[PDB]
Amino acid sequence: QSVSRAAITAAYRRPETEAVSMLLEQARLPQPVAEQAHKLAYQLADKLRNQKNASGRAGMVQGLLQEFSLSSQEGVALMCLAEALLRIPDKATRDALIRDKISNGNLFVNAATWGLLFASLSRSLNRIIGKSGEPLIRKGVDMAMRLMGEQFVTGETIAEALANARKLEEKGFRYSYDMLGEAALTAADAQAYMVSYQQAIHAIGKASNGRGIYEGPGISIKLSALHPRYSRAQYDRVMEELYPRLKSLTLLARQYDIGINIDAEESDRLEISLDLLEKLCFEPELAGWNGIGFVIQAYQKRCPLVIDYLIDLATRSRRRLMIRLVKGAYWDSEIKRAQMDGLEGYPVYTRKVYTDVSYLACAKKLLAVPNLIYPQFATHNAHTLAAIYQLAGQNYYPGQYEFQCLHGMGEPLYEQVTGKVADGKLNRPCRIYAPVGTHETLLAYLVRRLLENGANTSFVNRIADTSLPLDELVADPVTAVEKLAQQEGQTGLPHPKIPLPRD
C-alpha cells in the first residue's frame, strides 16, 4: 500500500477527540476572513428567511399580539373578522358597522391561512388500517413517496430534463444529471442501469455540443448501480466486471467532452472506489482529459487523507481532477451500521458541527492546489457557502471552483449567488444535481432527502425556524467546537447520545 493509501486506512475509525483536534487549526478562518464570512452568511440567510418579508410580517403579528394582549387562537379570529370587514365595498358602511353593531355579536374561512402567520386522526387511521390492511399501507407509502419526491426530480426521462436546461443555464447555472437508480441486486438490474447511463451520456453530450466539462452539462453515476450486490462485492469481481463498465462510460463521456462524476455512497465502499479511480485515471484513451469527477464526503474521518491521496493521483496521472466536496447523505445509515458491527468506532463524525469543521478544513486543502483539482463545493448552508467564497481569495476566475446544489433545495440560496453583480448576485457558478427517473427509481433518494430536510441539525431545517436567530444559524463552526471544548472539558467529544458501538 502506498503512503497516502496507508494513511487513509489508518484514519478509518479514528477517535473523534483526536480527529476533531487535528482538523481545528486547518479549519480556522483568519479573523478578517471570519468577519467577512459572517457578514456574508448573515446577509444570505437574511434574504433567505425574509423572502416575501416572512420575518417582518411575523414582527407586525407579535407587535399586536401584545398591544391588545390577546391569544394566538383569539388573535387569528380577529384577522378573519378584519378580512371580512375589508370586504364591505364602501367605507361608510364598514365604519358604521364598527361604531354601531360591532359590540353585540355576530366567516372564519381563511383562518388556516391566517394561522400560518400566527388528534382524532389516530381513530380514522386505526379504523382504516385494520380494515384495508398492509396493501393499503403499501399504497399509502408509494403515493406519499411520489408526492413528496416530485420537487426533487427534474424529469422522468433524460430528454424531458434536458429540455428544461436552458432556463437556468442562460442564467449561468450548470447541470449534473443523475439517472436515478442504485444498489443493483441482479445482473439484469446492473445491465439495465448500464444502458440507462449510456443513453444518458449520448443525450447529454449532444446537448452539450462542445461546451466542455466546465460550462456544459455532465453526468453523475453510482457504482452500486453498475454491479450486482455492490454492497458485498469482492475486489477481483469488481475489477473484472464493474471496471470495464466504468471505463466504457468514461471514454464515451470523453468523446462528448462532458464531465462524468462518481457519486460517493456508503463508507465501506470508499476503498474499492479509490481502486477503480486509480485505474481509470491511467487509461491511455483518457490521457490529457480532465473530465473525471469524484465525490468525497467530509463527514468521514478519512476525507482529509483521501484528499492527500487525490492530490498525489492527479500529479502521477497528469490531470486536473473534478472533486465534489460534500458533507454526506448516508449519516443515519452509517451510525446504525457501525453500531451493529460493534467495532472500535464510527467512520463518520457524531456531532454535526464536526462535519462542518471537516468540510472547511477540506475546502482549504482543495483550494490550495488549483493546478491539480477543480473543487466543486456542494452545499445548501449559507455559512458554508460564504466561508468558501472568502476562503477562495480575491481574484476569482470561472475555472477556480464552482458551487453545487440539489434540484429542489438550493434555488432560493443560489438565486443570490449565480448571476451578474449588477443584479445583486455574487457572480459564482452553481451546478444543479438533477435526478432523472420514474417512480420505480425514486425511493432511496427521496428517503435521504427526507432525512436531510427533516433533521433539526440541517441548515435548511433550522432556517425555516424563525425562533432561531440568524447569528446562531450562521455561527462559525470552529468557534462552536471550542465552546463545547470549554464547556465539556476537552475538544471533540462524541455526541452525548451516540456512545461508541461497544458501550
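Note that residue numbering begins at 1 and tracks the sequence as displayed.
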When the other structures of this protein are compared, and only where the residues around it are present, is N104 absent from a third or more of them?
yes
Deposited residues absent from the coordinates between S71 and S72, none, 1 to 3, 4 to 9, or 10 or more?
none
According to the PDB record, deposited residues with no modelled atoms between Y401 and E402 number none
Of 147-155 vs 355-363, the stretch with the larger average CA B-factor in the entry is 147-155
Decide which of the stretches 196-204 and 288-296 has the higher mean C-alpha B-factor, going by the entry.
196-204
Highest CA B factor of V326, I129, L223, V306, as deposited, is found at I129
Highest CA temperature factor in the entry: which of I102, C281, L310, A392?
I102
Just say lowest, middle or highest third for the CA B-factor of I213 relative to the other modelled residues in its chain.
lowest
Once the chain's modelled residues are ordered by C-alpha B factor and cut into thirds, is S231 in the lowest, middle or highest one?
middle
In terms of the CA temperature factor given in the entry, to which third of its chain does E415 belong: lowest, middle or highest?
middle
Quick check for you: using the entry's CA B-factors within this chain, is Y433 in the lowest, middle or highest third?
lowest
Where does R448 sit by CA temperature factor within its chain: lowest, middle or highest third?
lowest
